[PDB]
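Undergrad:
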Amino acid sequence: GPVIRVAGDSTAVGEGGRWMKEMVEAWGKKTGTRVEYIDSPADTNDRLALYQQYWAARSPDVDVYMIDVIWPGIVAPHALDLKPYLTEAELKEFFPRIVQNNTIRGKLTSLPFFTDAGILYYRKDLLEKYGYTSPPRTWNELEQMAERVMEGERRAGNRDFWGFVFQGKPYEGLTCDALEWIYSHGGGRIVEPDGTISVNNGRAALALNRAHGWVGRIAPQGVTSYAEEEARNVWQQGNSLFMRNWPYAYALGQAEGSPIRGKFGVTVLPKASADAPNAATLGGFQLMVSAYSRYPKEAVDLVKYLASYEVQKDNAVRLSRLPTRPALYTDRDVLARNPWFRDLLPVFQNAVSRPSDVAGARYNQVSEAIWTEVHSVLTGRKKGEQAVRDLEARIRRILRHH
Ligand SMILES: OC[C@H]1O[C@H](O[C@H]2O[C@H](CO)[C@@H](O)[C@H](O)[C@H]2O)[C@H](O)[C@@H](O)[C@@H]1O
């Protein structure tokens with residue numbers, strides 16, 4: 003009978019690809035359907051290019067794709083409309099914000115799978131060691147704590163120790179980190195939901211300058227090459243006081259044999275001052291049936307299974323990834339394993355989105371502009387003032403007649 007083929011997640015990022023393949027095989031065994039898993043590169047923007055090869059070809063060789071929250075507006079022509087396959091009651095079990103994000107010109111492109119928000123990981127043993135009782139609330143405090151703990155850990159002999167790691171590589175992850183920096187300085191959303199390109203302002207410029215000031219000082223010089231896993235591996239070996247990353251890193255850090263197990267917490271990222279808004283960039287993935295799938299019925303069944311309560315629960319318990327069903331955030335087993343899901347739920351709900359709705363099918367070009375201009379500041383090629391002006395001009399060209 004049919005072979006249902008799935009491309010989504012990567013075995014290069016934590017346990018996501020291995021776990022996704024396991025869930026697909028479980029569905030296959032449950033329903034007596036043959037399945038195949040096709041691996042993907044680590045970085046979301048590389049995945050988009052890979053999947054676009056299949057879509058350009060109208061290829062029937064993948065039935066189900068795991069698609070980034072930033073993609074519906076780009077990928078909608080390649081998605082089977084799921085709306086007729088779900089009842090209104092079924093759809094209401096997901097956060098309405100994500101269902102709305104996934105709906106493009108009335109087409110439900112994809113089912114919400116897991117959400118995501120940028121958070122601050124911090125070594126609580128080290129905060130205590132150095133006389134701090136709370137994680138930092140402001141970027142200035144983060145800097146002061148990092149300098150002090152670094153001075154001490156280096157003096158004690160850990161020459162590998164850094165104050166802060168984050169995603170500074172030129173790719174989509176840096177758009178995520180940079181939106182957090184800019185927004186948390188009161189510098190706006192880069193492109194506002196109304197279309198206004200707002201990034202050329204002194205608060206956004208300050209945010210980028212500040213981040214440059216970390217590189218080679220509290221963060222490794224090589225941070226300008228780090229994606230999620232490069233940052234996580236410095237952190238997880240016990241060599242960083244702080245890390246900006248997504249929820250998945252938590253379960254990995256708690257695993258048996260992790261050097262940092264039991265030694266860290268998570269909190270909202272810092273901000274410039276008490277009246278700036280908190281910033282956590284909205285992430286996460288959705289489940290799309292290919293418009294080119296020869297087996298829509300079976301592929302829809304698989305996507306419903308993957309998005310189900312018990313598969314999302316398993317994702318939360320084992321991989322510390324955030325459900326897209328509000329009912330899971332009150333589940334006793336989810337909460338006992340991840341108590342921070344409760345503490346940060348409002349951070350997750352107030353996550354700031356990248357400008358994917360407003361940029362639509364042009365979002366990838368906009369983000370490339372953002373990450374290359376931000377990167378030119380991290381590398382020291384440009385100051386923030388010049389980079390936000392140059393970025394404004396680039397985005398104006400991209401979106402001109404959008
Ligand atoms: O659970 C974390 C996931 O990390 C990646 O996805 C996040 O980071 C991307 C940027 O690098 C965002 O565009 C995305 O929205 C985030 O969810 C990774 O691509 C995933 O497969 C991981 O599960």
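The opening residue of the sequence shown carries number 3 in the entry's author numbering; numbering runs sequentially from there. Beta carbons are placed, not taken as given, at the ideal position from N, Cα and C, and that holds for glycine.
Assuming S186 and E194 are in contact, meaning their beta carbons sit under 8 angstroms apart, how far apart are those beta carbons, in whole angstroms?
TA: The residue you call residue 186 lines up with position 184 of the sequence shown. The residue you call residue 194 lines up with position 192 of the sequence shown. The pair is not a contact, with the Cβ atoms about 16 angstroms apart (cut-off 8 angstroms).
Undergrad: Which residue or residues does DSSP assign as beta-bridge partners of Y123?
TA: Counting from one through the sequence shown, the residue named residue 123 turns up at place 121. DSSP, once it has assigned bridges, lists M245 and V268 as partnering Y123.
Undergrad: Ligand 1 heavy atoms versus the CB of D179: any closer than 6 angstroms?
TA: Looking up residue 179 in the sequence shown gives position 177. Checking every heavy atom of ligand 1 against the Cβ of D179, none is found closer than 6 angstroms.
Undergrad: My assumption, with CB atoms under 8 angstroms, is that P357 sits in contact with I220. Please give the rounded CB distance.
TA: For this step, residue 357 is matched to residue 355 along the sequence shown. For this step, residue 220 is matched to residue 218 along the sequence shown. Not confirmed; about 29 angstroms, so no contact.
Undergrad: In the DSSP output, which residue or residues are listed as bridge partners for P114?
TA: On the sequence shown, residue 114 is found 112 positions in, with the first residue counted as 1. Paired residues: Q288.
Undergrad: Residues bridged to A81 by DSSP?
TA: Translated into the one-based positions of the sequence shown, residue 81 becomes position 79. According to DSSP, which records beta bridges pairwise, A81 is partnered with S292.
Undergrad: Would you report the Cα separation of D335 and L401, rounded to the nearest angstrom?
TA: Your numbering for residue 335 matches position 333 in the sequence shown. Your numbering for residue 401 matches position 399 in the sequence shown. Spanning the two alpha carbons is a distance of roughly 46 angstroms.
Undergrad: Could you tell me the distance, in whole angstroms, from the CA atom of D83 to the CA atom of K299?
TA: Within the sequence shown, the letter at position 81 stands for residue 83. Within the sequence shown, the letter at position 297 stands for residue 299. Approximately 12 angstroms, taken between the alpha carbons.
Undergrad: Hey, how far is the Cα of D118 from the Cα of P249?
TA: The sequence position of residue 118 within the sequence shown is 116, counting from 1. The sequence position of residue 249 within the sequence shown is 247, counting from 1. Each residue's Cα considered, the two are about 7 angstroms apart.
Undergrad: Going by alpha carbons, who is nearest to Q223 out of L243, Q239, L254 and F166?
TA: Within the sequence shown, the letter at position 221 stands for residue 223. Nearest of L243, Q239, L254 and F166 to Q223, Cα basis: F166.
Undergrad: Going by C-alpha distance, which of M25, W29 and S42 is nearest residue 405?
TA: Because the chain is modelled from 3 through 404, residue 405 falls outside the range shown and cannot be assessed.
Undergrad: Does the beta-carbon of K384 have 16 or more other beta-carbons within 10 angstroms, so that it is buried, or is it exposed?
TA: Numbered from 1 along the sequence shown, position 382 holds the residue referred to as residue 384. Looking at its Cβ environment, which holds 16 or more other Cβ atoms inside 10 Å, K384 is buried.
Undergrad: Is the beta carbon of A91 sitting closer than 7 angstroms to the one on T111?
TA: Counted from its first residue, the sequence shown places residue 91 at position 89. Counted from its first residue, the sequence shown places residue 111 at position 109. Not in contact: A91 and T111 (Cβ atoms no closer than 7 angstroms).
Undergrad: Closer than 6 angstroms to a non-hydrogen atom of ligand 3 - does that hold for the CB of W216?
TA: In the structure shown, ligand 3 is absent; the only ligands present are ligand 1.
Undergrad: Would you say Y228 touches ligand 1, meaning its beta carbon is less than 6 angstroms from a heavy atom?
TA: Residue numbering aside, residue 228 sits at position 226 when the sequence shown is read from its first letter. Checking every heavy atom of ligand 1 against the Cβ of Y228, none is found closer than 6 angstroms.
Undergrad: Where does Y311 land, buried or exposed, given buried means 16+ other C-beta within 10 angstroms?
TA: Walking along the sequence shown from the start, residue 311 turns up at place 309. Flag for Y311 reads exposed.
Undergrad: Between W29, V236, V270 and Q55, which lies nearest to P261 when the distance is taken from Cα to Cα?
TA: The residue given as residue 261 occupies position 259 in the sequence shown. Taking only the C-alpha atoms, the option nearest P261 is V236.
Undergrad: With a cut-off of 8 angstroms, do at least 3 Cβ pairs link the region 356-370 to the region 60-76?
TA: With a cut-off of 8 angstroms, the region 60-76 and the region 356-370 count as touching, because enough Cβ pairs lie within range.
Undergrad: Is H403 buried or exposed, if buried means 16 or more other CB atoms sit within 10 Å of its CB?
TA: Taking the first residue of the sequence shown as 1, we reach residue 403 at position 401. Its Cβ having fewer than 16 others within 10 Å, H403 is exposed.
Undergrad: Less than 8 angstroms between the CB atoms is what I'm expecting for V66 and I6, so what's the real figure, rounded?
TA: Here residue 66 refers to the residue found at position 64 of the sequence shown. Here residue 6 refers to the residue found at position 4 of the sequence shown. Going by Cβ atoms, the distance from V66 to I6 rounds to 7 angstroms, so yes, they are a contact pair.
Undergrad: Rounded to whole angstroms, what's the CA-CA distance from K273 to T35? Just pull it up for me.
TA: What you label residue 273 is simply residue 271 of the sequence shown in a count that begins at 1. What you label residue 35 is simply residue 33 of the sequence shown in a count that begins at 1. Each residue's alpha carbon lies about 50 angstroms from the other.
Undergrad: Have a look at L346 and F266 and give me their C-alpha separation to the nearest angstrom.
TA: Numbered from 1 along the sequence shown, position 344 holds the residue referred to as residue 346. Numbered from 1 along the sequence shown, position 264 holds the residue referred to as residue 266. Those two C-alpha atoms are separated by around 15 angstroms.
Undergrad: Can the beta-carbon of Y297 be found less than 7 angstroms from the beta-carbon of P98?
TA: Here residue 297 refers to the residue found at position 295 when the sequence shown is read from its first residue. Here residue 98 refers to the residue found at position 96 when the sequence shown is read from its first residue. No, the Cβ-Cβ distance between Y297 and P98 is not below 7 angstroms.
Undergrad: Kindly indicate which residue of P279, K94, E232 and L337 has the alpha-carbon position closest to the one of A44.
TA: Position 42 of the sequence shown holds residue 44. Ranking the options by Cα distance to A44, first place goes to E232.
Undergrad: Compute the Euclidean distance between the alpha carbons of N103 and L271, then round it to the nearest angstrom.
TA: Position 101 of the sequence shown holds residue 103. Position 269 of the sequence shown holds residue 271. Taking the straight line joining both Cα atoms gives about 24 angstroms.
Undergrad: Who are the near neighbours of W342 in its chain, counting only those whose CB is closer than 7 angstroms to its CB and skipping five residues on each side?
TA: In the sequence shown, counting from the first residue as 1, residue 342 sits at position 340. Excluding residues within five positions, the ones whose Cβ falls inside 7 angstroms are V268.
Undergrad: Nearer than 6 angstroms: is that true of the beta carbon of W248 relative to any heavy atom of ligand 1?
TA: Sequence index remark: in the sequence shown, residue 248 carries index 246 (1-based). Answer for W248: yes, Cβ within range of ligand 1.
Undergrad: May I ask which residues mark the beginning and end of the alpha helix (DSSP H) holding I184?
TA: Along the sequence shown, read from residue 1 onward, the residue named residue 184 stands at position 182. First-last of the alpha helix (DSSP H) with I184: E174 to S186.
Undergrad: Does the pairing of the region 164-178 with the region 241-258 give three or more beta-carbon distances under 8 angstroms?
TA: Touching, per the Cβ criterion.
Undergrad: Should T46 be counted as a contact of ligand 1 given a C-beta to heavy atom distance under 6 angstroms?
TA: Residue mapping note: residue 46 aligns to position 44 of the sequence shown, counting from 1. Yes; taking the cut-off as 6 angstroms, the Cβ of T46 has a heavy atom of ligand 1 nearer than that.
Undergrad: Using the Cβ count rule (16 or more neighbours within 10 Å means buried), how would you classify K23?
TA: As a working mapping, residue 23 is identified with position 21 in the sequence shown. By the neighbour-count rule (16 or more Cβ atoms within 10 Å), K23 is buried.
Undergrad: Touch check for the region 145-153 and the region 117-135: three-plus C-beta pairs under 8 angstroms?
TA: In short, these stretches touch, since the Cβ pair count reaches three.
Undergrad: With H, G and I counted as helix, E and B as strand and the rest as coil, what does DSSP make of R191?
TA: Looking up residue 191 in the sequence shown gives position 189. Coil at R191, not helix or strand.
Undergrad: Which parts of the region 133-177 are runs of the beta strand (DSSP E), unbroken and 3 residues or longer, counting only runs that do not cross its ends?
TA: Whole beta strand (DSSP E) segments, 3+ residues: 164-167.
Undergrad: Determine the closest residue to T283 out of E182, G240, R205 and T326, with distance taken between C-alpha atoms.
TA: Here residue 283 refers to the residue found at position 281 of the sequence shown. The shortest Cα separation from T283 among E182, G240, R205 and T326 belongs to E182.
Undergrad: Closest to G218 by CA distance: which of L50, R398 and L380 is it?
TA: As a position in the sequence shown, residue 218 is number 216, starting the count at 1. Cα-wise, what sits closest to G218 is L380.
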